[PDB]
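Chains as they are written, first to last, in the working numbering: chain A, 392 to 458; chain W, 95 to 428; chain B, 4 to 200; chain Y, 78 to 211; chain S, 4 to 345; chain G, 13 to 362.
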Amino acid sequence: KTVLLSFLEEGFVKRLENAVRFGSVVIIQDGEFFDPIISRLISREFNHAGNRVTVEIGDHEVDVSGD
Amino acid sequence: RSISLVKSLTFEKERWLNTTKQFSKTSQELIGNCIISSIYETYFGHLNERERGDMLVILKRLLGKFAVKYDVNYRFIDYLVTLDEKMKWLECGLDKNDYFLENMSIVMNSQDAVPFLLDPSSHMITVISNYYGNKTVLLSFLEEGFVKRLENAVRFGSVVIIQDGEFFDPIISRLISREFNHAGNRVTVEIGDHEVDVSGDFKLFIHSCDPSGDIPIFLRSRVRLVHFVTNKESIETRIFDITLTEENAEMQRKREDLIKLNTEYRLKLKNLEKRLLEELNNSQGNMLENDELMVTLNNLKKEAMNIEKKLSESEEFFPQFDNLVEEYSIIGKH
Amino acid sequence: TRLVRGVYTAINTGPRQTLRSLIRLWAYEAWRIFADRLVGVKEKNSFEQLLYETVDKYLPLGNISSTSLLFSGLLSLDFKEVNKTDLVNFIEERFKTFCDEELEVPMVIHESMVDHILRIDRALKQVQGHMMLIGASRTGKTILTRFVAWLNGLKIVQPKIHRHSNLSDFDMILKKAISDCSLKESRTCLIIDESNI
Amino acid sequence: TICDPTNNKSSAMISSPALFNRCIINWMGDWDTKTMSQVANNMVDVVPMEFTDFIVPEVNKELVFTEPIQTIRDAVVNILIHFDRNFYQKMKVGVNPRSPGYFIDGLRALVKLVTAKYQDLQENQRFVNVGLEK
Amino acid sequence: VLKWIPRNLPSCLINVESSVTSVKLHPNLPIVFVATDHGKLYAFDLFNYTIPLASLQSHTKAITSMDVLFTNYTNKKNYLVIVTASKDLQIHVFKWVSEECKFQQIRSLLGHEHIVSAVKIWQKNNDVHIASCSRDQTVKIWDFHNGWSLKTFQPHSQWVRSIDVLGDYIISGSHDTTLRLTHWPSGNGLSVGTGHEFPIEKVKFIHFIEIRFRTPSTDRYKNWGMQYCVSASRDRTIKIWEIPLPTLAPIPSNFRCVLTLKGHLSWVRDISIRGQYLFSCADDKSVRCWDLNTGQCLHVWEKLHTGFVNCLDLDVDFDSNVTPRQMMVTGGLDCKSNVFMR
Amino acid sequence: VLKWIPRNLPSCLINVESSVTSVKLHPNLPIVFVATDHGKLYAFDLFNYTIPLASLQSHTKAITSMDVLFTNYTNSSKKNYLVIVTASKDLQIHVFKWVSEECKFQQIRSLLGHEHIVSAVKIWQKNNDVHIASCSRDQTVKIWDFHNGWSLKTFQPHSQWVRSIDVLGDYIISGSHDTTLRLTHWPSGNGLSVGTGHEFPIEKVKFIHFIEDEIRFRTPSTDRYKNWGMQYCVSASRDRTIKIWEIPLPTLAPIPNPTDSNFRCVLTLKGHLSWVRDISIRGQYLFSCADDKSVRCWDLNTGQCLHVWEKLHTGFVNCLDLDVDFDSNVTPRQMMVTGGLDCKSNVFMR
Ligand SMILES: Nc1ncnc2c1ncn2[C@@H]1O[C@H](COP(=O)(O)OP(=O)(O)O)[C@@H](O)[C@H]1O
């Protein structure tokens, strides 16, 4: 359940969204090319929407599984 | 310990021996009793007492011709109806008449067919509502908003009674025939103009208070029509109850209390005997080896003695009520 | 003129014929044309006796009773006699599939249903074939019709006629069915029950 | 589909030449004795009925709608068919089509009831035996 | 395939509520049927064997024996018939419906006046028969389809403990030390024999197969169809007998012991022959295998049960409709059924 | 090797407890996997078949389809293993490992997400990626990731519910309860073309894979089709008919072609007496079976029957399996397995 992404490849956003939604352990390679599009994960600024916890990434809101 | 317990249980030994000796007759008469009961449920819903007697004579003649034994002392109520059902039904407001009790058991044991109840007095609406207590919906074929409320009742599983059944609307046909789509892990029914989930706890009753009405063929051939109408003995019982409550209320209260308490005592004693036999069955060893079982059976026998003593003592007063009842048979007859 | 056309169709889509099989086919079509309308048992017996007498008079064969002539196109490619056991087994399997896919009905299979299903199939393989089923309630009319229509790939249309409705709704339903039959090439079996009049 | 051919609307539907001269009239009628016999033989096939002694009853051929009676099931089927016929005859439903609804429902109810009561019989006998042995 | 001996340890252990009184192996599927001493019958799948596939309370007293036959109709679908005889003086006949994992009762056979001790079922053409014997000393034959008796006879003064069926003949082993061959469709006794010291627990035909005791030594026995049988009793001894040839009902003439097998410490409870080997068990908590050609014990399963072993099951090797699978089953007092696979 | 036709009789008869819903041959070992109507999966040895090698009650309703794949990870330092995928009427798909050293079904995981019975499931492997696709009575086609165990793609190709899917490269061709096939590009989920011409619901549809050899319908006709990777497909229906279709070529995600959006039926096969239940192509031969107790061997060059196994089963024939002759990782063995309604399967060998 370990996913290897990169800031230097295409399809990054969707695969990270799925990993967030299902709770996999993600490693993003080539960290020197950090993309601020995932800023809300680094700062962990989540919306505690009642019984759920969500994060705004890319252009929409994605459920955080918590694992 | 062992000798005392076996001496106490000798009564149950005798009863058990008699039961197993009667096993042969009991097995011989089973098929005939089942035939009689099934026919009685299927055909006798809309017949009067005389017609039921005639049909039972005919059926017994057929059983005789084709060499099928049956209980010559067969009674529908005694064969199918138990104490718990009787007590609960009477508590719900059912009349004490045998005819009403038979109709109640037939309509309550309609597991597959939608029951159609004919009650000119609408008594059975009250009885059913008391039986289910709550979550009971009263619709009508003669009012607006019927379809939506029935849809919701289906979806959530309430017990629905539709009044004025003579105005049956075929828009609910798929419920009467119970033609459901078993959609994988769900069961749905097409009603009105769309598909509605069946919760599975939903139950439907149709009621009419217009005798000699008009039930169309489609509904008539697919429902278990049961008549709930008064007879001689119901009228006489009600007349006597009015006479007694007007003349002498204390005997009324004593009579009702004695009857109720004796019936409860009988139920308790029956269940206690059942518990005794079950406990002796699952001993996991010899009775001497299991001291807890010995103590349990002794305690059960003590409870049985207490219950039977209470019933026997309470019964001693009833002939007074028998004479008091005989006092007013003139009013009954007239 | 119906009998003529029937015989034609049976010969045209059938296997190689023998005189015996040809005559048996003629008797089968005679049953379908003339005898299906008879009500009592005595009339059916008289018709069977009449078939025997006519054959002896003009066509001098085995048993040609109503249940001895089971011609079908369900079990094969041509239209020919079939074994009772094979047809019963095939109908049972297809009926289980029909229950699974369309509607669960725990109905028992017997010989009369097989005769009736065969004649309904015969009727629904005709050009402009229409039939009117008369018999007691809960004898399997509607469900058997639906099953046959499912076997032949027809869309089943049952008008939702109910209380507080009138000729406007019935006209709309008929118009929709007509439009679908014509413009969408939708093969349709339209079931009209007497309670809907 | 017509259920009551004697009703006014059904009589109009049948006698009207617009429908009469085009449709194939298929007289379903009602179930005969052979169909009832076959249906009953299917229904009671799974009921554990053969658990007692049975003596072949001496009856006339006109009273038997099945093969010659050998088993209890044959007698039960014949009894049920005879009772349905007598019910319709004595209730005097005229010449109406004999709906088989009652027969079917009675068959299902009999299957269920016999199953349940035979189970109760066997369990009670087993418990009595165990008690006496103990 | 036949030259196969089970390993020392069972592949599968099955626990039941109480003592196992009889076990039979489903003739075509990996299913084992277990009849216990409380009147119940279980069906277990050998690959899912913890919770039974089916659990039936059929009788009210202990089951004493059972037999299984898979029908071979020449026209009508085939199915498995299970016949269960108990101390209730009743023989219940069931159909196994693999599609619902249930025991569908077909009927019951009545008529014996005491505990039924053995049953046997066989088929001729499309006719199926059920034979049995009980403590009332009577041996009775029922027609499966009809549901009532066909024939009755009494072969012994003492009551018959076990029977076997081949062709149209039955050897019945008595509660006495004697055994008797009778002609099935007439009741005419044909041969008698003794040699045991105590009541006979088992007796069965030895069928000819393509071995010392499984081929006819003369054309007379080839025409008759059988020459040898085997029995065992409470004298701890297994005895293999030659069957005398009658006046070819046949008219009578004693059984001749041709080989005696010993080794058990207690009563012999089961006999089963697979190819070249005789498998048996005793009331000494052991199973054992003798060679049928030389009459020596080849292998011993000690302490297979903590109680006594009541029954064995091995496949028939003398029937074209039976696959001789390499699987053997044992069951005994201690509420255990041991299944040896491969 | 590819010229082999089975003998007129089975090499062995394998008995099971109830109706056989599907069969699959183990791609390397002489083992056959059989799934039945009660939710049970079985593994049998083909030389000692009298006792099952193993069995497992995984689902609770009938298994509707089974597919199997033997992995081939590219030097990923992982042990390769047979993955057995089954789908049932329980609205579930179960994914198992075959543990050959123990001869058992080891469950890997389960996939959820359908609202009705699953009518087909397929598994295929790319460079170092394994995918599981399914279609079900809810009218949707869903593709899950094998390793991750959750849905990758969803799309709805038909207005009626989908009965059979086959996958080739990045395309899915789906037959439905409707009479029309549809070809869709699965990565983007954009429908490309439809094939009309059947009268009754579709039972099977399969791509026709090119063979490096010449065969009438297993070779491209143009450079465009050769480069595309597909020229023809085959489908079978309940109208007693098997049709060989010529696939239209979209503009190369692929763009639907405004003027070539329809399939062209190039050949029709008739001769079965009932519903056609399975089809399989080996070499130049098309093997199929029907609900008429029979199997047929067709010559793909002329569209005729070459051989017929009549009364092979006492009931309907439900499933066929042959090996893959268009994959370098699969040996085209002289093996066939048929399984059917009569609680039997027949295995033809050598
Ligand atoms: N052959 C049969 N076996 C068992 N039940 C039947 C049979 N035919 C009809 N029924 C009963 O009748 C009903 C189905 O017939 P249906 O088509 O509804 O008749 P109709 O709609 O013409 O009144 C069901 O309730 C079914 O139980």
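Don't be surprised by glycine CBs; every beta carbon is placed ideally from N, CA and C.
Residue from the options whose Cα sits closest to the Cα of residue i
i	options	result
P264/W	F235/W, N246/W, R280/W	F235/W
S75/B	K60/B, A139/B, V91/B, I176/B	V91/B
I97/W	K115/W, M381/W, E420/W	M381/W
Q296/G	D303/G, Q316/G, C277/G	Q316/G
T350/G	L21/G, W16/G, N92/G	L21/G
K405/A	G449/A, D454/A, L432/A	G449/A
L363/W	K396/W, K101/W, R316/W, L211/W	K396/W
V86/S	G198/S, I118/S, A134/S	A134/S
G192/S	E200/S, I173/S, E103/S, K207/S	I173/S
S176/Y	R185/Y, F164/Y, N98/Y	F164/Y
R230/G	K305/G, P344/G, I220/G, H284/G	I220/G
Cβ-heavy atom distance, residue i to ligand 1, below 7 Å
i	result
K144/B	yes
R141/B	yes
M202/W	no
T70/B	no
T181/S	no
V154/Y	no
residue 212/Y	Outside the shown range of chain Y, which is 78 to 211, sits residue 212/Y, and nothing can be said about it.
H119/B	no
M116/B	yes
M149/W	no
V111/B	yes
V166/W	no
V116/Y	yes
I195/B	no
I17/G	no
One or two residues paired with residue i in a DSSP bridge
i	result
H321/W	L212/W
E305/S	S289/S
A30/B	Looking at the DSSP assignment, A30/B forms no beta bridge with any residue, so it has no partner.
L124/G	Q104/G
Own chain residues within Cβ distance below 7 Å of residue i, not counting five before or after
i	result
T166/G	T152, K154
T110/Y	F142, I158
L41/B	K47, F50
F334/W	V419, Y422, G426
Residue i, buried or exposed, once every other Cβ within 10 Å from all chains shown has been counted against 16
i	result
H133/B	exposed
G147/W	exposed
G43/B	exposed
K15/G	exposed
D48/S	buried
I254/S	exposed
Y244/G	buried
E289/W	exposed
Proximal residues to residue i (C-beta, below 6 Å), its chain only, five neighbours per side dropped
i	result
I79/Y	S87
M348/G	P18, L334, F360
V133/G	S77, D79, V97, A99, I105, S146
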